[PDB]
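Below you'll find the structure, written out as structure tokens, and then a few comments.
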Amino acid sequence: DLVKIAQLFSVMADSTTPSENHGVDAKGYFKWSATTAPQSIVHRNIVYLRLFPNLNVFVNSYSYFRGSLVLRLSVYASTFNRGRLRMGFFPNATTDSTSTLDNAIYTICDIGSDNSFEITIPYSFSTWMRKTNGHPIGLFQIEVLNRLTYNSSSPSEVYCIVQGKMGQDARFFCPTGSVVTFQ
Amino acid sequence: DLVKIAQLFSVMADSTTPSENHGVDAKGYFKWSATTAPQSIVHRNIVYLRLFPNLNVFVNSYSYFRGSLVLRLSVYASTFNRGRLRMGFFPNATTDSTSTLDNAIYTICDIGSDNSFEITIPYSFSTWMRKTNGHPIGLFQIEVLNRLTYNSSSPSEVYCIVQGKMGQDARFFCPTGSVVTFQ
Amino acid sequence: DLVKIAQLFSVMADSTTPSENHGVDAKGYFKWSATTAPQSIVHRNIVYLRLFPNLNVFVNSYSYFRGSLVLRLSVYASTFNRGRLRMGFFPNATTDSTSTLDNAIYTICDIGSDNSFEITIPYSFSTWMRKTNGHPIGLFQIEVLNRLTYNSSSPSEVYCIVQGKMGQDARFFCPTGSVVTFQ
Amino acid sequence: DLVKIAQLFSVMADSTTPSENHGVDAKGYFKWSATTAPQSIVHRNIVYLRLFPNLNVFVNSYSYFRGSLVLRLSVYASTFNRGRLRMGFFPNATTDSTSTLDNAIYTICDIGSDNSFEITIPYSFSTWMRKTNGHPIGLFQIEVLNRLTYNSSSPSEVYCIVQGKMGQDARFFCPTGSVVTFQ
Amino acid sequence: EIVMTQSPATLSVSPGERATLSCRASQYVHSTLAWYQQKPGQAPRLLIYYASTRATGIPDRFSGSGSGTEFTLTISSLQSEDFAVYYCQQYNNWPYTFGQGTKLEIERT
Amino acid sequence: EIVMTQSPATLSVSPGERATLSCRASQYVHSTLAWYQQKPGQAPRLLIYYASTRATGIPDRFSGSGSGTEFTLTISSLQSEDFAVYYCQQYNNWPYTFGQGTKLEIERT
Amino acid sequence: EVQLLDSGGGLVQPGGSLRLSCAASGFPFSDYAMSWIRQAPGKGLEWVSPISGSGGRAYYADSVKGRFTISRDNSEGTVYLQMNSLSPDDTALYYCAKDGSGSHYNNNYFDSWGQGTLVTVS
Amino acid sequence: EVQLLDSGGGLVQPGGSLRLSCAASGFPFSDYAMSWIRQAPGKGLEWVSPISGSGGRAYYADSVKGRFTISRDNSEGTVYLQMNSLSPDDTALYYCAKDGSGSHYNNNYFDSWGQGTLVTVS
């Protein structure tokens, strides 16, 4: 259904990516480098429906809900690189923040051979549907915590690509102009 | 029986080995280095019965068949080196070649911890037996495809030793002058 | 049905016939004469749907498939003449050739009293239907092999008329402008 | 057994054949032409064991009996030629003659499509075996009676090849020097 | 057994005049007849094929006609370079065969 | 990235004297090195291959030795016809590469 | 532009065998039929053999029959004559030549000759 | 005796494409590897591409990469260079050349050059 397409765990902008320009490329990828300390923030991605491209066409072709928002990450580490972050990774448009976000939906990942995580964001929103408008559905934040750990090694930098999905509901509602098309 | 001796998976010349002279030594060993491209040929080994030493005494002590010809390779890789080839590894005296050989008997090996393969050549020959004569029973070719992949690493070169065996038939026929002996 | 008409074993252009002009006439008829050698080619007929007249109206009145293509020959020999050929007689648009064609669909005929053969060509074509367009559905080749053999005899020349039919499918599809008609 | 070889209906010298030299060739072949009258003799073939080549090696390799002597003819006529003879075709060494021979073993053949006859000669001889010696085992006579009848026609001449076989006994006796061999 | 024959074994013509070469066959050959010109020490040159079609690079003074078992090679105004031997050849049936040739020589006093 | 380099960009030698051309490489090349001679307007000429083996038709005054990353082309008595440009080339690994050449010119007053 | 270049002819003893070659250019060689024709001193032209496209059917003249063999290499666009059993009647200048059937008829007209190779069987 | 004959080079506009050909003789062509090397006015020799026997592996120089394509016809023993995307840096005299590996080593020494075809990309 349309849903597998939006659905089948796609990859994401998410943001514009301080690019190589690898960051189109990327998209899915925040950066993973070592770090002077580990706790410092490196990201803050904003989610809509609108914005980042795969989400965009679907969102215009509809303007209601049914769904959830699953973001599952994957890693290109090495023997030699390793890595860990934690990602929020945030419903709807709260606190913008550290602990508030940790307080959020939650996943803790090891980035070793697992090569996949499920951080799923739900739309925790007063109404079942949010319509397509400009300000924001809300933020997804990532925090890279501890880098990479290592070897000799791997050129230093490691990268992740984020994955996006919704359930439960697969099904939305109200079709509207789809981003792609003719005239 | 004589057969375990010829049989019990021996190692091979195969060819004269661009030696160190590691290539006596070797024997079993083609070289595994990285490479400018991967597909290029580095080997072409000729098999008889005569030629390469373990095969020689047996072959002189008999002059017929029963058998098959199993060549199973082993690898001295590292964490750090790795490697892959494909080996033909060829019955009887055909095409001399790439695809013709791939078309041949077949084995695909990973050279990681497996440390052993079975590429078995059969005598696909008009008659059950071939006698010991000079021109050739036929070629075994190896192709190293992709090198080694790696680390820091391992000095670069990696080597394989080939193994030789026949079934099904273990048993031959007609004894004749054995290579070793007195006078 | 339309099919018996296309169907009921019709006779064919096939080609334009080095005419007498017997070759309209003919149509069905390649020539059968003796020959300096027997193997040499005398024909190469191209089949479509379009081209040769009975095939033409049907083909325009439809533009898809269901069918097969049966060409069965008949002979006007005598006591005194005899004859043999082999005819390909070719699906779809291959090799253009001797052996490739022999490799093809196949019939071997004796031209004595049998007075009929079945050489049936199938549409061996990537898709169930081929539409009516210009380049070619493919060639039917005939080879006359050995002439005629004889008597006193019969004036020398002997002729064959080819027959055309399809099954299995009798039934096509999509009607379109039929060749015959008013305005 | 040796017998199929002597046996399996062979063809014969019989005589030296007024040759073309078709008469080696022939061998089996008396001539069939039209004739000024039909009854006149054209042949008189002598049989042994010795003489005419296939019979020769066998006969030397043995020197007794068991057997019978079957001569069955075949014809190369046409639509257009036809033909009839009667052949004696004679045991052992009698009369040399017309009626005496007709009185003999007997076959009457039509030479049209039948293309084969059985005229079998028996050894009617005082003793079961005759040894290999020079004078003669006896004559086979042929008489061509009526020629050929016809057409336009066939170049006029027609030819027959005679066939030779023995039963009942297939099996002989006493081996002796065989015609072929080394030294 | 198809045999071609050129009548004038040698044609002596004055420069500027016309020349006509005949080539008959012992059996019908339709129009598969071709003409060739040959200077000494050189390969033959194709002038006409199909009985009547001139090959590329062959002047219009050269022309051929006829069919069946009788053909003609006409050269309008014979030029100095037209001095040569001429052969016909048929290809209507195997084996392919040539005529014994006609030598066109300059005629003078 | 294998790069060959010929030291004498131009060697001025007197006729009859000897000349020595050097060709180093940026990495070891074993003995797969060959020398070429080139007159203006002509294709190159193979003089030595395998580092030291002279090709057919190459006089004995020409000779080559060396291995690894350093080679030499020695010509005993330079003859008038030995006036030319010389190039080395290796084939020990792809891609195959040539030196920038050495011009051997006649030296006079 | 057709260039038919011929080598291989030389003086040969009787009973000898030569291999003539003729290489072609500037035409799709493998579509055209090709023939060898010879020219004896004190004689006109005789067609000797021709070969058909795929290297399929070949025909010979009765004089040449079992002695001469015609073979094409299409991958290098070359023509070969293997002359066994050489006799003095075979002395000639040998030309390779290229024939074409035009549209859809049965005549094969030659459109280009090579230069000639001499075979002195003496 | 090796004869490597080269045609096809001529003046060409930039952005143009040429097809050079070089035909070989007097050696078993289909066993040998073959290369094209060029020579720019005011420059030495640069090896451009080589092709391996069966028309198997081919290698190119980085300058020539995607623009030039090397193909052999073994049935007519010919070598081809298809030069797309012509720039003035490609102006040169182009030579075809024939290399051999000797016995069982890894070096390929050239043993015969052709005569040179000029490509003026201007």
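Ordering of the structure tokens sets the chain letters (A, B, ...); residue numbers start at 1 within each chain; ligands are numbered from 1 in the order shown.
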Output the coordinates of chain C after least-squares fitting to chain B on all in-order C-alpha pairs, as a compact mmCIF listing (two decimals) with C-alpha atoms, in the first residue's frame.
```
# COMPACT_ATOMS: atom_id res chain seq x y z
CA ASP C 1 46.24 -48.89 1.07
CA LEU C 2 48.47 -47.26 -1.43
CA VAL C 3 45.49 -45.04 -1.84
CA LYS C 4 45.50 -43.35 1.55
CA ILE C 5 49.06 -42.39 0.78
CA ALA C 6 48.33 -40.90 -2.62
CA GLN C 7 45.10 -40.16 -1.20
CA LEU C 8 45.25 -38.82 2.31
CA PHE C 9 44.64 -35.24 1.11
CA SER C 10 47.97 -34.51 -0.01
CA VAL C 11 49.60 -31.19 -0.94
CA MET C 12 50.69 -30.32 -4.10
CA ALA C 13 53.85 -29.03 -6.58
CA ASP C 14 51.87 -28.01 -8.38
CA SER C 15 53.72 -25.90 -10.79
CA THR C 16 57.40 -24.37 -10.26
CA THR C 17 56.18 -21.49 -7.97
CA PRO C 18 58.05 -18.19 -8.57
CA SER C 19 60.20 -18.83 -5.69
CA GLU C 20 61.44 -17.38 -2.98
CA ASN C 21 62.67 -20.44 -3.45
CA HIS C 22 59.59 -20.72 -1.33
CA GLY C 23 57.86 -22.33 -4.29
CA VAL C 24 59.56 -25.81 -3.50
CA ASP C 25 58.51 -25.17 -0.17
CA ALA C 26 55.35 -24.05 -0.97
CA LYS C 27 54.53 -26.25 -2.89
CA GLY C 28 50.74 -26.19 -2.32
CA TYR C 29 50.77 -22.17 -2.33
CA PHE C 30 49.95 -19.84 -5.19
CA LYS C 31 50.65 -16.29 -3.95
CA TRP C 32 47.93 -13.93 -2.65
CA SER C 33 48.87 -10.29 -2.76
CA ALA C 34 46.86 -7.22 -3.41
CA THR C 35 46.42 -6.55 -6.58
CA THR C 36 45.82 -3.90 -9.19
CA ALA C 37 42.77 -5.57 -10.28
CA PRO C 38 41.43 -8.40 -9.26
CA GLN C 39 40.23 -10.34 -12.02
CA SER C 40 43.93 -10.57 -13.51
CA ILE C 41 45.42 -14.11 -13.92
CA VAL C 42 47.97 -15.00 -11.99
CA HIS C 43 48.01 -18.91 -12.56
CA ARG C 44 47.86 -21.69 -14.65
CA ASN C 45 48.96 -24.97 -13.21
CA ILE C 46 49.28 -28.08 -15.24
CA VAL C 47 48.23 -31.31 -13.73
CA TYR C 48 49.83 -34.86 -14.17
CA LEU C 49 50.00 -37.79 -12.97
CA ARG C 50 53.67 -37.95 -13.89
CA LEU C 51 54.86 -34.42 -12.73
CA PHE C 52 54.65 -33.02 -8.97
CA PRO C 53 56.28 -35.14 -6.83
CA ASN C 54 53.80 -37.04 -4.72
CA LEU C 55 51.75 -37.79 -7.82
CA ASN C 56 54.87 -39.01 -9.65
CA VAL C 57 55.80 -42.15 -7.75
CA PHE C 58 52.24 -43.40 -7.60
CA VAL C 59 51.69 -42.71 -11.24
CA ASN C 60 54.77 -44.59 -12.28
CA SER C 61 53.92 -47.50 -10.01
CA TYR C 62 50.67 -47.81 -11.94
CA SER C 63 49.52 -46.92 -15.36
CA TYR C 64 45.76 -47.05 -15.30
CA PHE C 65 42.76 -45.78 -13.50
CA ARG C 66 40.60 -45.84 -10.76
CA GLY C 67 39.90 -42.10 -9.49
CA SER C 68 38.85 -38.68 -9.22
CA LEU C 69 40.91 -35.73 -8.33
CA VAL C 70 40.07 -33.60 -5.34
CA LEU C 71 41.97 -30.44 -4.78
CA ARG C 72 41.04 -28.73 -1.58
CA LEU C 73 42.78 -25.52 -0.60
CA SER C 74 43.75 -24.07 2.76
CA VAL C 75 44.70 -20.50 3.63
CA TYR C 76 47.15 -18.66 5.77
CA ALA C 77 45.48 -15.64 6.21
CA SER C 78 45.36 -13.44 9.39
CA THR C 79 42.62 -11.35 11.02
CA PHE C 80 44.33 -8.93 8.89
CA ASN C 81 44.77 -10.70 5.78
CA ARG C 82 42.15 -11.80 4.15
CA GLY C 83 41.57 -12.72 0.42
CA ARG C 84 39.29 -14.78 -2.13
CA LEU C 85 40.00 -16.39 -5.00
CA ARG C 86 38.15 -18.75 -7.23
CA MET C 87 39.91 -21.79 -8.55
CA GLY C 88 38.84 -23.81 -11.45
CA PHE C 89 40.15 -26.04 -10.67
CA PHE C 90 40.19 -28.05 -14.05
CA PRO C 91 39.47 -31.22 -15.45
CA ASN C 92 41.18 -32.50 -17.98
CA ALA C 93 42.52 -30.36 -20.52
CA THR C 94 40.22 -28.19 -21.89
CA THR C 95 39.69 -24.83 -22.58
CA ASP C 96 42.55 -23.20 -20.77
CA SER C 97 40.59 -20.03 -19.96
CA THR C 98 38.50 -17.99 -17.75
CA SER C 99 34.79 -18.73 -18.24
CA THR C 100 35.38 -22.12 -19.71
CA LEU C 101 37.03 -23.01 -16.40
CA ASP C 102 34.39 -21.30 -14.36
CA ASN C 103 31.98 -23.40 -16.37
CA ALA C 104 34.02 -26.30 -14.98
CA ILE C 105 33.81 -28.20 -11.70
CA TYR C 106 33.41 -25.25 -9.25
CA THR C 107 33.91 -24.12 -5.70
CA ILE C 108 33.41 -20.70 -4.22
CA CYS C 109 35.42 -20.00 -1.12
CA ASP C 110 35.49 -17.16 1.45
CA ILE C 111 39.04 -17.44 2.97
CA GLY C 112 38.22 -16.42 6.49
CA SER C 113 38.32 -18.99 9.30
CA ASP C 114 36.96 -21.78 7.05
CA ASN C 115 40.59 -22.68 6.15
CA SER C 116 39.57 -25.37 3.71
CA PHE C 117 37.75 -25.91 0.45
CA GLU C 118 36.92 -28.72 -1.80
CA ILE C 119 37.55 -28.20 -5.43
CA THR C 120 37.53 -31.63 -6.86
CA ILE C 121 38.54 -32.36 -10.39
CA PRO C 122 37.29 -35.28 -12.14
CA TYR C 123 38.97 -37.09 -14.95
CA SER C 124 36.42 -36.45 -17.61
CA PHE C 125 38.13 -38.54 -20.15
CA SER C 126 37.01 -40.67 -23.05
CA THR C 127 38.40 -43.76 -21.41
CA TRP C 128 38.40 -44.89 -17.81
CA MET C 129 42.11 -44.81 -17.82
CA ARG C 130 44.77 -42.56 -19.20
CA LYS C 131 48.22 -44.00 -19.36
CA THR C 132 51.41 -42.36 -18.29
CA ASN C 133 52.75 -40.46 -21.20
CA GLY C 134 54.28 -37.08 -21.78
CA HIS C 135 51.96 -34.43 -23.27
CA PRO C 136 49.46 -33.65 -20.51
CA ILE C 137 46.58 -35.04 -18.56
CA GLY C 138 45.26 -31.47 -18.40
CA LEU C 139 45.32 -28.08 -16.65
CA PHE C 140 44.26 -26.84 -13.27
CA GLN C 141 43.82 -23.13 -13.29
CA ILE C 142 43.48 -20.73 -10.36
CA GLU C 143 42.36 -17.14 -10.33
CA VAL C 144 43.06 -15.16 -7.41
CA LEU C 145 39.98 -12.62 -8.00
CA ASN C 146 39.81 -10.10 -5.16
CA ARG C 147 42.88 -9.80 -2.63
CA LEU C 148 43.13 -9.65 0.65
CA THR C 149 41.43 -7.25 2.75
CA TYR C 150 42.58 -5.76 5.83
CA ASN C 151 44.03 -4.24 8.80
CA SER C 152 47.58 -2.30 9.46
CA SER C 153 48.17 -5.18 8.68
CA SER C 154 49.89 -8.60 7.93
CA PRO C 155 52.65 -8.80 5.62
CA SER C 156 50.57 -7.93 2.76
CA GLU C 157 51.14 -11.26 1.11
CA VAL C 158 48.87 -14.17 1.85
CA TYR C 159 49.44 -17.78 0.47
CA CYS C 160 47.42 -20.87 -0.13
CA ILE C 161 48.43 -24.47 -0.22
CA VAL C 162 46.43 -26.72 -2.45
CA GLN C 163 45.26 -30.14 -1.44
CA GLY C 164 44.86 -33.14 -3.65
CA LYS C 165 42.71 -36.18 -3.33
CA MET C 166 40.62 -38.79 -5.57
CA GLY C 167 37.76 -40.98 -4.84
CA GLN C 168 35.84 -42.09 -5.86
CA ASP C 169 37.59 -44.87 -6.84
CA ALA C 170 40.25 -45.30 -4.76
CA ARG C 171 41.92 -48.33 -6.47
CA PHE C 172 43.96 -48.51 -9.44
CA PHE C 173 45.42 -50.66 -11.66
CA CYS C 174 48.50 -52.23 -13.25
CA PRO C 175 51.59 -51.84 -11.29
CA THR C 176 54.73 -50.55 -12.85
CA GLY C 177 58.09 -49.34 -12.00
CA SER C 178 57.83 -47.31 -8.83
CA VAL C 179 59.48 -44.26 -8.83
CA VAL C 180 61.29 -45.33 -5.63
CA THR C 181 63.68 -47.89 -5.39
CA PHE C 182 66.90 -49.98 -5.70
CA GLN C 183 69.03 -51.32 -7.71
```
After fit on chain E (all C-alpha, ordered pairs), chain F as a short mmCIF file (atom, residue, chain, number, x, y, z; two decimals) with C-alpha atoms, in the first residue's frame:
```
data_model
loop_
_atom_site.label_atom_id
_atom_site.label_comp_id
_atom_site.auth_asym_id
_atom_site.auth_seq_id
_atom_site.Cartn_x
_atom_site.Cartn_y
_atom_site.Cartn_z
CA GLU F 1 29.35 -26.71 -69.48
CA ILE F 2 28.52 -23.08 -70.16
CA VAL F 3 31.18 -21.72 -72.65
CA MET F 4 31.49 -18.08 -73.77
CA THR F 5 33.17 -17.13 -77.08
CA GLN F 6 34.36 -13.73 -78.32
CA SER F 7 34.20 -13.39 -82.10
CA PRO F 8 36.92 -10.82 -82.88
CA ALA F 9 40.10 -12.47 -81.65
CA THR F 10 41.71 -9.16 -82.50
CA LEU F 11 39.97 -5.92 -83.46
CA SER F 12 42.04 -3.42 -85.38
CA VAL F 13 40.38 -0.03 -85.14
CA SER F 14 41.57 3.45 -86.05
CA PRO F 15 41.85 5.94 -83.15
CA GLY F 16 38.72 7.96 -82.70
CA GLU F 17 36.57 5.36 -84.48
CA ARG F 18 34.13 2.99 -82.80
CA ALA F 19 34.66 -0.69 -81.96
CA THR F 20 32.20 -3.52 -81.36
CA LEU F 21 33.06 -6.73 -79.52
CA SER F 22 30.77 -9.78 -79.60
CA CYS F 23 30.50 -12.55 -77.03
CA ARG F 24 28.12 -15.46 -77.55
CA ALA F 25 27.45 -18.32 -75.15
CA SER F 26 26.68 -21.97 -75.77
CA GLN F 27 23.59 -21.69 -73.64
CA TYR F 28 21.30 -18.95 -72.41
CA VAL F 29 22.63 -16.82 -69.74
CA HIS F 30 19.94 -14.21 -69.43
CA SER F 31 21.62 -10.98 -68.46
CA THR F 32 24.28 -12.14 -66.08
CA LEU F 33 27.14 -11.19 -68.37
CA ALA F 34 29.93 -8.77 -67.55
CA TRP F 35 32.80 -7.22 -69.50
CA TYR F 36 36.37 -6.68 -68.40
CA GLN F 37 39.26 -4.67 -69.81
CA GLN F 38 42.88 -5.71 -69.27
CA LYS F 39 46.10 -3.80 -69.87
CA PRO F 40 49.39 -5.78 -69.83
CA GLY F 41 50.79 -6.38 -66.39
CA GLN F 42 47.65 -5.16 -64.63
CA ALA F 43 44.60 -6.68 -62.98
CA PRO F 44 41.37 -6.79 -65.02
CA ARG F 45 38.97 -3.86 -64.90
CA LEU F 46 35.19 -4.25 -64.64
CA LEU F 47 33.39 -2.17 -67.25
CA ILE F 48 29.91 -3.65 -67.53
CA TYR F 49 27.82 -6.13 -65.51
CA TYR F 50 24.15 -7.14 -65.71
CA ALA F 51 24.78 -7.02 -69.45
CA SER F 52 24.36 -3.27 -69.65
CA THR F 53 25.10 -1.42 -66.44
CA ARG F 54 28.38 0.47 -66.41
CA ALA F 55 30.49 0.14 -63.26
CA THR F 56 31.66 3.24 -61.37
CA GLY F 57 34.41 5.25 -63.10
CA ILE F 58 33.58 3.83 -66.53
CA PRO F 59 33.10 6.51 -69.23
CA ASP F 60 29.88 6.71 -71.22
CA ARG F 61 31.61 5.80 -74.49
CA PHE F 62 31.63 2.30 -73.04
CA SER F 63 28.26 0.52 -73.24
CA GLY F 64 26.87 -3.01 -73.33
CA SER F 65 23.66 -4.68 -74.44
CA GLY F 66 22.18 -7.99 -75.47
CA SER F 67 20.81 -10.98 -73.58
CA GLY F 68 20.47 -14.73 -73.92
CA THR F 69 23.39 -16.22 -75.82
CA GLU F 70 24.68 -13.10 -77.67
CA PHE F 71 26.22 -9.89 -76.30
CA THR F 72 28.02 -6.78 -77.52
CA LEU F 73 30.53 -4.30 -76.11
CA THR F 74 30.40 -0.97 -77.95
CA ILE F 75 32.96 1.77 -77.40
CA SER F 76 31.99 5.06 -79.09
CA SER F 77 35.13 7.07 -79.78
CA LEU F 78 38.09 4.84 -79.00
CA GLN F 79 40.62 6.77 -76.97
CA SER F 80 44.32 6.09 -76.58
CA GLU F 81 43.72 4.55 -73.16
CA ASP F 82 41.13 2.13 -74.54
CA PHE F 83 43.95 0.07 -76.02
CA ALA F 84 43.60 -3.32 -74.33
CA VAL F 85 42.24 -6.84 -74.21
CA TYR F 86 38.58 -7.37 -73.29
CA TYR F 87 36.98 -10.45 -71.68
CA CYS F 88 33.30 -11.28 -71.07
CA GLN F 89 32.20 -13.62 -68.21
CA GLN F 90 28.89 -15.15 -67.13
CA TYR F 91 27.64 -15.90 -63.69
CA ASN F 92 24.27 -17.36 -64.48
CA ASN F 93 25.22 -20.81 -63.44
CA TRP F 94 28.17 -22.56 -61.94
CA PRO F 95 30.85 -22.97 -62.65
CA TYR F 96 31.49 -19.33 -63.55
CA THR F 97 33.43 -18.96 -66.90
CA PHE F 98 35.27 -16.28 -69.11
CA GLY F 99 35.64 -15.85 -72.87
CA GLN F 100 39.00 -16.35 -74.57
CA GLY F 101 39.28 -12.55 -74.85
CA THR F 102 39.35 -9.96 -77.70
CA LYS F 103 42.47 -7.89 -78.30
CA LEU F 104 41.65 -4.36 -79.46
CA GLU F 105 44.73 -3.04 -81.19
CA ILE F 106 45.46 0.33 -82.74
CA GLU F 107 45.21 0.16 -86.50
CA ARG F 108 47.60 2.25 -88.56
CA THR F 109 49.32 2.24 -91.99
#
```
Quiz prompt | Between atom CA of residue G:113 and atom CA of residue G:67, distance in Å (one decimal) | solution =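 Interatomic distance, atom CA of residue G:113 to atom CA of residue G:67: 23.5 Å.
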Practice problem: Tell me which protein, DNA and RNA residues are within 6 Å of residue H:116, counting only C-alpha atoms, leaving out same-chain ones fewer than 6 positions away, and put them as a PyMOL selection string. | Solution: chain H and resi 93-95
Produce a file of the selected residues containing C-alpha atoms, as a CSV table (one decimal), in the first residue's frame.
```
chain,number,residue,atom,x,y,z
H,93,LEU,CA,50.8,11.0,-33.4
H,94,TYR,CA,49.2,7.6,-32.4
H,95,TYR,CA,51.1,4.4,-32.8
```
Quiz item: Hey, what's within 8 Å of residue H:13 if we count only C-alpha atoms and toss same-chain stuff fewer than 6 positions away? As a list in words, please?
Solution: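 Here the answer would be residues 86, 121 and 122 of chain H.
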With N, CA and C atoms retained, write the just-selected residues as an mmCIF file, in the first residue's frame.
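In the end it all went to result_1.cif:
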```
data_model
loop_
_atom_site.group_PDB
_atom_site.id
_atom_site.type_symbol
_atom_site.label_atom_id
_atom_site.label_comp_id
_atom_site.auth_asym_id
_atom_site.auth_seq_id
_atom_site.Cartn_x
_atom_site.Cartn_y
_atom_site.Cartn_z
ATOM 1 N N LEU H 86 37.055 14.425 -27.477
ATOM 2 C CA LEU H 86 38.360 14.910 -27.884
ATOM 3 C C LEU H 86 38.672 16.307 -27.372
ATOM 4 N N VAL H 121 43.233 17.466 -32.923
ATOM 5 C CA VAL H 121 41.969 17.892 -32.331
ATOM 6 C C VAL H 121 41.959 19.408 -32.226
ATOM 7 N N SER H 122 41.798 20.150 -33.307
ATOM 8 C CA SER H 122 41.816 21.613 -33.217
ATOM 9 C C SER H 122 40.781 22.273 -34.124
#
```
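The gap separating atom CA of residue G:26 from atom CA of residue G:61 is 28.3 Å, in Å to one decimal.
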Self-check item: Interatomic distance (Å, one decimal) between atom CA of residue H:39 and atom CA of residue H:72
Solution: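 The value is 21.5 Å.
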